[PDB]
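Heads up, the thing below is written out as structure tokens.
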Amino acid sequence: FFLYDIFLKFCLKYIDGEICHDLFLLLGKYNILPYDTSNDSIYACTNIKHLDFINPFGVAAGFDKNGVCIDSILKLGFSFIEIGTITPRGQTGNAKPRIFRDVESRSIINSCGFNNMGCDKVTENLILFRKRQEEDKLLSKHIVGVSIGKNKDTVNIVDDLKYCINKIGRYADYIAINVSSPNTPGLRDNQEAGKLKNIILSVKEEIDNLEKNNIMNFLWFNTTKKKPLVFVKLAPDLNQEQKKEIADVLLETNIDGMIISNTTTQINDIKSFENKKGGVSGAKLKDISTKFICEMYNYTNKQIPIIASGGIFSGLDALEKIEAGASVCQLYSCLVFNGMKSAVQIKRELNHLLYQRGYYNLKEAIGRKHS
Ligand SMILES: Cc1cc2nc3c(=O)[nH]c(=O)nc-3n(C[C@H](O)[C@H](O)[C@H](O)COP(=O)(O)O)c2cc1C
Ligand SMILES: CCOc1cccc(=O)c2c(C)n(Cc3ccc(Cl)cc3)c(C)c12
Ligand SMILES: O=C(O)c1cc(=O)[nH]c(=O)[nH]1
């Protein structure tokens with residue numbers, strides 16, 4: 001458990017972004033990635049309704065787009081993973097190279113364009129994992145969510161989301177509505193109050209309709225054994241009117257949680273990304289995101305639980321997001337810049353910090369900045 005850091009520093013030096021991405025998914029495919037069977041702190045526990053996370057750290061969407069590494073990635077010490085984003089039909093995505101990193105600022109820029117094997121192939125992989133999960137006592141508590149979007153040419157999102165829910169809904173602990181991507185035009189236009197309310201109610205109605213089509217209680221082949229929760233992933237690039245307008249919709253529609261936030265197209269302060277096009281992740285996104293959690297946690301009057309992402313690399317970064325209003329933390333660029341150690345390390349720092357600040361448990365620290 002050092003060999004990986006020689007590999008990582010070398011990878012970050014001479015190897016392309018997507019080659020590392022396809023290399024990491026290769027190691028976990030043949031299950032040759034390290035384990036973390038070490039028991040997690042009971043004071044570091046968190047939840048979103050019936051969704052009970054062993055620790056507050058999971059993997060963001062876009063890491064395991066196709067769910068070919070679910071068990072492998074979880075075993076690194078994460079409580080959950082968000083597979084996808086997935087679309088009804090598979091897509092090659094946008095032109096390569098399309099993933100670039102600036103080590104100096106710990107940032108990433110990407111124009112992937114929902115590259116996936118399609119909803120049907122990803123479902124095939126999730127059913128495989130859920131089958132492994134039954135036999136296994138270790139992955140019995142690990143949560144697996146699915147991020148759903150639309151094919152580039154889909155003239156109406158709703159139809160594309162109605163298809164994915166009917167296919168993969170049965171095997172997800174939660175569904176994440178992806179209306180925040182900056183690399184598939186113009187998905188962000190769906191963040192308008194009217195459009196978003198129709199999306200959220202259509203999705204929730206489809207989930208309800210799965211049950212209303214059989215006597216099987218057997219029906220839920222997930223971790224919770226309950227209907228998936230419905231979450232919405234939001235872009236940080238919004239004005240205050242747009243944010244308040246959304247808040248009022250999330251309250252009326254009774255959305256289960258909100259993933260604040262996706263990548264940002266506001267950053268122009270990176271030299272290595274000047275020519276490049278896409279959304280910016282990592283450390284340069286941290287300050288924006290924490291400010292956006294505050295705004296939304298105040299706008300939804302603390303009623304809608306939050307999943308934070310990103311710019312999370314340390315235990316302080318984690319506690320910052322939690323004190324702002326978030327219940328869980330998703331990681332992405334941390335896994336790119338710290339590698340395999342990521343979970344094990346971030347989990348140590350947070351327990352060390354939770355004690356240092358004067359907390360009995362994580363829950364007690366949630367939204368602490370608001371007072
Ligand atoms: C290469 C790449 C691909 C991504 N693909 C997706 C995706 O399919 N779905 C999604 O919801 N977010 C996607 N994201 C955004 C992440 O889920 C995450 O919200 C973002 O990277 C911010 O987290 P971080 O600063 O901790 O990295 C992607 C990010 C990167 C770097
Ligand atoms: C599965 C997603 O993979 C990634 C995505 C983006 C950029 C990269 O270049 C990535 C890098 C450097 N890494 C870290 C990594 C990659 C490969 C190895 Cl062998 C060890 C660590 C991941 C997981 C990366
Ligand atoms: O695959 C992509 O294009 C993608 C999706 C998303 O939500 N965010 C991102 O930065 N890239």
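Residues in the structure tokens are named by chain (A, B, ... in the order shown) and by number from 1 within that chain; ligands are numbered from 1 in the order shown.
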
Please extract the residues at most 6 Å from ligand 2, counting only C-alpha atoms and all ligand atoms, and provide them as a ChimeraX atom specification, using the chain letters and residue numbers of this document.
/A:7-8,11-12,17-18,20-21,23-25,63-64,335-336,339

Set the cut-off to 7 Å, count only C-alpha atoms and all ligand atoms, and list whatever residues fall near ligand 1 as a PyMOL selection string.
chain A and resi 60-63+65+84-85+99+108-110+112+114+147+178+181+233+261-263+281-283+285-286+309-312+330-334

Hey, what's within 10 Å of residue A:259 if we count only C-alpha atoms and toss same-chain stuff fewer than 5 positions away? As a VMD selection string, please?
chain A and resid 60 176 to 178 180 231 to 235 293 305 to 310 326 328 to 330

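With only C-alpha atoms and all ligand atoms as the atoms that count, the residue of A:96, A:183, A:107, A:127 with the shortest distance to ligand 3 is A:183.
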
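Neighbouring residues of residue A:276 at 12 Å or closer, counting only C-alpha atoms and skipping chain neighbours under 3 positions away, are residues 96, 97, 98, 99, 100, 101, 102, 108, 109, 110, 111, 265, 267, 268, 270, 271, 272, 273, 279 and 280 of chain A.
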
File of the preceding selection, C-alpha atoms, as a PDB file, in the first residue's frame:
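Output saved as out.pdb:
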```pdb
ATOM      1  CA  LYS A  96     -11.003  12.905 -27.428  1.00  0.00           C
ATOM      2  CA  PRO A  97      -8.823  14.146 -25.602  1.00  0.00           C
ATOM      3  CA  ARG A  98     -11.584  15.389 -23.269  1.00  0.00           C
ATOM      4  CA  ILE A  99     -10.154  15.074 -19.678  1.00  0.00           C
ATOM      5  CA  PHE A 100      -7.230  17.310 -18.561  1.00  0.00           C
ATOM      6  CA  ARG A 101      -5.671  18.041 -15.156  1.00  0.00           C
ATOM      7  CA  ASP A 102      -3.755  20.913 -13.499  1.00  0.00           C
ATOM      8  CA  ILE A 108      -9.832  18.959 -13.826  1.00  0.00           C
ATOM      9  CA  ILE A 109     -11.668  20.136 -16.988  1.00  0.00           C
ATOM     10  CA  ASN A 110     -13.936  17.742 -18.966  1.00  0.00           C
ATOM     11  CA  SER A 111     -16.134  17.617 -22.111  1.00  0.00           C
ATOM     12  CA  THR A 265     -18.061  26.953 -16.500  1.00  0.00           C
ATOM     13  CA  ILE A 267     -13.528  29.534 -13.906  1.00  0.00           C
ATOM     14  CA  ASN A 268     -11.138  31.499 -16.242  1.00  0.00           C
ATOM     15  CA  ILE A 270      -6.484  28.453 -14.954  1.00  0.00           C
ATOM     16  CA  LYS A 271      -3.638  28.830 -17.584  1.00  0.00           C
ATOM     17  CA  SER A 272      -3.562  25.124 -18.595  1.00  0.00           C
ATOM     18  CA  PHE A 273      -7.382  25.232 -19.368  1.00  0.00           C
ATOM     19  CA  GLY A 279     -16.726  22.003 -16.809  1.00  0.00           C
ATOM     20  CA  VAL A 280     -14.125  22.589 -14.065  1.00  0.00           C
TER      21      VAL A 280
END
```

Residues flagged helix (DSSP H, G or I) by DSSP in stretch 204-318 of chain A, as a PyMOL selection string:
chain A and resi 204-211+240-253+271-273+283-299+315-318

Residues as selected, C-alpha atoms, written as a PDB file, in the first residue's frame, can you do that?
```pdb
ATOM      1  CA  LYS A 204     -41.520  10.414  -9.029  1.00  0.00           C
ATOM      2  CA  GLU A 205     -44.740   9.287 -10.833  1.00  0.00           C
ATOM      3  CA  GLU A 206     -42.809   6.709 -12.867  1.00  0.00           C
ATOM      4  CA  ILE A 207     -41.160   5.311  -9.701  1.00  0.00           C
ATOM      5  CA  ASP A 208     -44.609   5.064  -8.062  1.00  0.00           C
ATOM      6  CA  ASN A 209     -45.899   3.286 -11.247  1.00  0.00           C
ATOM      7  CA  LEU A 210     -43.313   0.372 -10.892  1.00  0.00           C
ATOM      8  CA  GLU A 211     -45.075  -0.759  -7.637  1.00  0.00           C
ATOM      9  CA  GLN A 240     -30.119  34.170  -6.860  1.00  0.00           C
ATOM     10  CA  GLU A 241     -33.601  34.408  -8.556  1.00  0.00           C
ATOM     11  CA  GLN A 242     -33.044  30.997 -10.257  1.00  0.00           C
ATOM     12  CA  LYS A 243     -31.849  29.375  -6.973  1.00  0.00           C
ATOM     13  CA  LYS A 244     -34.885  30.711  -4.904  1.00  0.00           C
ATOM     14  CA  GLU A 245     -37.254  29.668  -7.771  1.00  0.00           C
ATOM     15  CA  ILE A 246     -35.757  26.079  -7.707  1.00  0.00           C
ATOM     16  CA  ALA A 247     -35.917  25.966  -3.830  1.00  0.00           C
ATOM     17  CA  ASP A 248     -39.702  26.620  -3.970  1.00  0.00           C
ATOM     18  CA  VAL A 249     -40.135  23.712  -6.511  1.00  0.00           C
ATOM     19  CA  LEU A 250     -38.021  21.246  -4.435  1.00  0.00           C
ATOM     20  CA  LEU A 251     -40.344  22.101  -1.489  1.00  0.00           C
ATOM     21  CA  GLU A 252     -43.646  21.689  -3.432  1.00  0.00           C
ATOM     22  CA  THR A 253     -42.560  18.482  -5.321  1.00  0.00           C
ATOM     23  CA  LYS A 271      -3.638  28.830 -17.584  1.00  0.00           C
ATOM     24  CA  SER A 272      -3.562  25.124 -18.595  1.00  0.00           C
ATOM     25  CA  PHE A 273      -7.382  25.232 -19.368  1.00  0.00           C
ATOM     26  CA  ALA A 283     -10.055  22.597  -5.587  1.00  0.00           C
ATOM     27  CA  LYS A 284     -10.984  25.605  -7.807  1.00  0.00           C
ATOM     28  CA  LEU A 285     -14.699  24.516  -7.396  1.00  0.00           C
ATOM     29  CA  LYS A 286     -14.591  24.093  -3.534  1.00  0.00           C
ATOM     30  CA  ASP A 287     -15.401  27.744  -2.464  1.00  0.00           C
ATOM     31  CA  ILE A 288     -18.268  28.199  -5.036  1.00  0.00           C
ATOM     32  CA  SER A 289     -19.940  24.867  -3.975  1.00  0.00           C
ATOM     33  CA  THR A 290     -19.810  25.504  -0.181  1.00  0.00           C
ATOM     34  CA  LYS A 291     -21.349  29.002  -0.796  1.00  0.00           C
ATOM     35  CA  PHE A 292     -24.067  27.312  -2.998  1.00  0.00           C
ATOM     36  CA  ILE A 293     -24.872  24.737  -0.190  1.00  0.00           C
ATOM     37  CA  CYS A 294     -25.462  27.657   2.238  1.00  0.00           C
ATOM     38  CA  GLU A 295     -27.808  29.464  -0.179  1.00  0.00           C
ATOM     39  CA  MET A 296     -29.886  26.331  -0.966  1.00  0.00           C
ATOM     40  CA  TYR A 297     -29.925  25.053   2.685  1.00  0.00           C
ATOM     41  CA  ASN A 298     -31.313  28.508   3.675  1.00  0.00           C
ATOM     42  CA  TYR A 299     -33.718  28.760   0.665  1.00  0.00           C
ATOM     43  CA  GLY A 315     -11.406  16.293   6.638  1.00  0.00           C
ATOM     44  CA  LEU A 316     -11.700  20.086   6.966  1.00  0.00           C
ATOM     45  CA  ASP A 317     -13.148  20.262   3.409  1.00  0.00           C
ATOM     46  CA  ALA A 318     -15.655  17.562   4.500  1.00  0.00           C
TER      47      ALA A 318
END
```

From a DSSP calculation on the backbone, collect every residue of stretch 27-261 of chain A in strand (DSSP E or B) and output the set as a PyMOL selection string.
chain A and resi 46-48+51-53+57-59+80-86+91+99-102+107-110+116+143-148+174-178+229-234+257-260

Take the residues that were just selected and, keeping N, CA and C atoms, output them as a short mmCIF file (atom, residue, chain, number, x, y, z; two decimals), in the first residue's frame.
```cif
data_model
loop_
_atom_site.label_atom_id
_atom_site.label_comp_id
_atom_site.auth_asym_id
_atom_site.auth_seq_id
_atom_site.Cartn_x
_atom_site.Cartn_y
_atom_site.Cartn_z
N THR A 46 -24.13 8.71 8.94
CA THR A 46 -25.05 9.72 8.42
C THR A 46 -26.23 9.02 7.71
N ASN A 47 -27.27 9.80 7.37
CA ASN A 47 -28.46 9.31 6.67
C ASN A 47 -29.25 10.39 5.90
N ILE A 48 -29.99 9.94 4.89
CA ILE A 48 -30.94 10.74 4.13
C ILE A 48 -32.22 9.90 4.13
N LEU A 51 -32.19 5.95 3.92
CA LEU A 51 -30.84 5.73 3.37
C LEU A 51 -29.80 5.86 4.47
N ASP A 52 -29.29 4.72 4.98
CA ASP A 52 -28.31 4.69 6.07
C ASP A 52 -26.91 4.33 5.59
N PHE A 53 -26.04 5.37 5.52
CA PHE A 53 -24.64 5.32 5.09
C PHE A 53 -23.73 4.95 6.25
N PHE A 57 -18.77 9.25 3.16
CA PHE A 57 -18.07 9.39 1.89
C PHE A 57 -18.44 8.37 0.83
N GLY A 58 -18.80 8.90 -0.32
CA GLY A 58 -19.13 8.13 -1.50
C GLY A 58 -18.43 8.68 -2.72
N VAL A 59 -18.60 7.99 -3.84
CA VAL A 59 -18.00 8.33 -5.11
C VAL A 59 -19.03 9.03 -5.99
N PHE A 80 -21.03 4.61 -0.41
CA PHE A 80 -21.87 4.58 -1.60
C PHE A 80 -21.17 4.98 -2.88
N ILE A 81 -21.83 4.73 -4.02
CA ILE A 81 -21.38 5.10 -5.35
C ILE A 81 -22.59 5.48 -6.17
N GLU A 82 -22.43 6.50 -7.01
CA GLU A 82 -23.44 6.97 -7.93
C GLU A 82 -22.95 6.52 -9.31
N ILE A 83 -23.60 5.49 -9.89
CA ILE A 83 -23.22 5.01 -11.22
C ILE A 83 -23.86 5.92 -12.28
N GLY A 84 -23.29 5.94 -13.47
CA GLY A 84 -23.76 6.82 -14.53
C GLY A 84 -22.94 8.10 -14.61
N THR A 85 -23.46 9.18 -15.24
CA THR A 85 -24.79 9.33 -15.82
C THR A 85 -25.01 8.39 -16.99
N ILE A 86 -26.22 7.81 -17.03
CA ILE A 86 -26.69 6.89 -18.07
C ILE A 86 -27.84 7.50 -18.87
N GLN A 91 -23.77 6.15 -25.80
CA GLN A 91 -23.18 7.24 -26.58
C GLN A 91 -21.67 7.15 -26.49
N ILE A 99 -10.41 15.03 -21.12
CA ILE A 99 -10.15 15.07 -19.68
C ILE A 99 -8.71 15.58 -19.55
N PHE A 100 -8.53 16.65 -18.78
CA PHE A 100 -7.23 17.31 -18.56
C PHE A 100 -7.10 17.71 -17.10
N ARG A 101 -5.88 17.69 -16.56
CA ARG A 101 -5.67 18.04 -15.16
C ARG A 101 -4.55 19.04 -14.95
N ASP A 102 -4.74 19.94 -13.96
CA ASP A 102 -3.76 20.91 -13.50
C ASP A 102 -3.46 20.53 -12.05
N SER A 107 -7.06 20.72 -10.07
CA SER A 107 -8.28 20.87 -10.84
C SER A 107 -8.31 20.01 -12.10
N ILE A 108 -9.53 19.75 -12.62
CA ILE A 108 -9.83 18.96 -13.83
C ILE A 108 -10.83 19.73 -14.71
N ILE A 109 -10.71 19.60 -16.03
CA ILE A 109 -11.67 20.14 -16.99
C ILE A 109 -12.12 18.97 -17.87
N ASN A 110 -13.44 18.85 -18.15
CA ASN A 110 -13.94 17.74 -18.97
C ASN A 110 -15.10 18.11 -19.87
N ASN A 116 -21.47 6.56 -22.40
CA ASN A 116 -21.91 5.39 -21.62
C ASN A 116 -22.26 4.20 -22.52
N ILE A 143 -24.66 1.54 -0.29
CA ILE A 143 -25.69 2.16 -1.13
C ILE A 143 -25.17 2.32 -2.57
N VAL A 144 -26.02 2.04 -3.60
CA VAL A 144 -25.67 2.25 -5.02
C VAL A 144 -26.78 3.05 -5.71
N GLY A 145 -26.48 4.28 -6.08
CA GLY A 145 -27.41 5.16 -6.78
C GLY A 145 -27.15 5.21 -8.27
N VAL A 146 -28.14 5.66 -9.07
CA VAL A 146 -27.99 5.77 -10.52
C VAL A 146 -28.30 7.20 -10.95
N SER A 147 -27.41 7.79 -11.80
CA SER A 147 -27.55 9.13 -12.38
C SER A 147 -28.13 8.98 -13.79
N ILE A 148 -29.28 9.59 -14.05
CA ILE A 148 -29.98 9.47 -15.32
C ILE A 148 -30.06 10.81 -16.06
N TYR A 174 -31.36 5.02 -4.90
CA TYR A 174 -31.76 6.37 -5.24
C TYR A 174 -31.47 6.66 -6.71
N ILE A 175 -32.23 7.59 -7.27
CA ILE A 175 -32.14 8.06 -8.63
C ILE A 175 -31.70 9.52 -8.55
N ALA A 176 -30.72 9.90 -9.38
CA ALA A 176 -30.21 11.26 -9.44
C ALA A 176 -30.57 11.80 -10.81
N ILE A 177 -31.40 12.87 -10.83
CA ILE A 177 -31.80 13.47 -12.10
C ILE A 177 -30.70 14.42 -12.53
N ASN A 178 -30.03 14.08 -13.64
CA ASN A 178 -28.96 14.94 -14.14
C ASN A 178 -29.48 16.01 -15.09
N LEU A 229 -34.99 6.68 -3.66
CA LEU A 229 -35.22 8.07 -3.32
C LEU A 229 -34.92 8.84 -4.60
N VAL A 230 -35.52 10.04 -4.79
CA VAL A 230 -35.31 10.86 -5.99
C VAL A 230 -34.55 12.12 -5.60
N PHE A 231 -33.35 12.27 -6.18
CA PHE A 231 -32.44 13.40 -5.95
C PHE A 231 -32.25 14.18 -7.25
N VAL A 232 -31.87 15.45 -7.13
CA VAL A 232 -31.61 16.28 -8.29
C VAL A 232 -30.20 16.87 -8.18
N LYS A 233 -29.38 16.73 -9.23
CA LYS A 233 -28.04 17.31 -9.22
C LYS A 233 -28.10 18.67 -9.89
N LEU A 234 -27.69 19.73 -9.16
CA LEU A 234 -27.75 21.10 -9.68
C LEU A 234 -26.39 21.68 -10.05
N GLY A 257 -33.63 14.86 -1.79
CA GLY A 257 -32.31 15.44 -1.56
C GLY A 257 -31.79 16.14 -2.79
N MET A 258 -30.76 16.98 -2.63
CA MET A 258 -30.16 17.73 -3.74
C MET A 258 -28.65 17.64 -3.73
N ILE A 259 -28.05 17.29 -4.89
CA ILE A 259 -26.62 17.16 -5.05
C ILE A 259 -26.05 18.52 -5.53
N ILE A 260 -25.50 19.26 -4.58
CA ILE A 260 -24.91 20.58 -4.80
C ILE A 260 -23.38 20.44 -4.77
#
```

Neighbour list for residue A:78 as a list in words, cut-off 9 Å, only C-alpha atoms, skip fewer than 4 positions in-chain
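My reading of the contact set: residues 36, 54, 55, 56, 57, 58, 59, 73, 74, 142, 343 and 344 of chain A.
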
May I have the residues from that selection written out with C-alpha atoms, as a CSV table (one decimal), in the first residue's frame?
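Below is the file that was written, selection_10.csv:
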```
chain,number,residue,atom,x,y,z
A,36,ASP,CA,-10.4,-1.5,3.3
A,54,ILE,CA,-21.9,3.5,7.0
A,55,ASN,CA,-19.6,6.6,6.6
A,56,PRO,CA,-20.3,10.0,5.0
A,57,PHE,CA,-18.1,9.4,1.9
A,58,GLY,CA,-19.1,8.1,-1.5
A,59,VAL,CA,-18.0,8.3,-5.1
A,73,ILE,CA,-14.5,1.0,-5.8
A,74,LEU,CA,-16.7,0.5,-2.7
A,142,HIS,CA,-23.3,-0.2,0.8
A,343,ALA,CA,-11.2,7.1,1.5
A,344,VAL,CA,-9.0,5.6,4.3
```

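Nearest residue to ligand 3 among A:179, A:203, A:165, A:6 is A:179, counting only C-alpha atoms and all ligand atoms.
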
Near-residue A:139 list (9 Å; only C-alpha atoms; drop same-chain fewer than 6 positions) as a PyMOL selection string:
chain A and resi 71+74-75+132-133+223
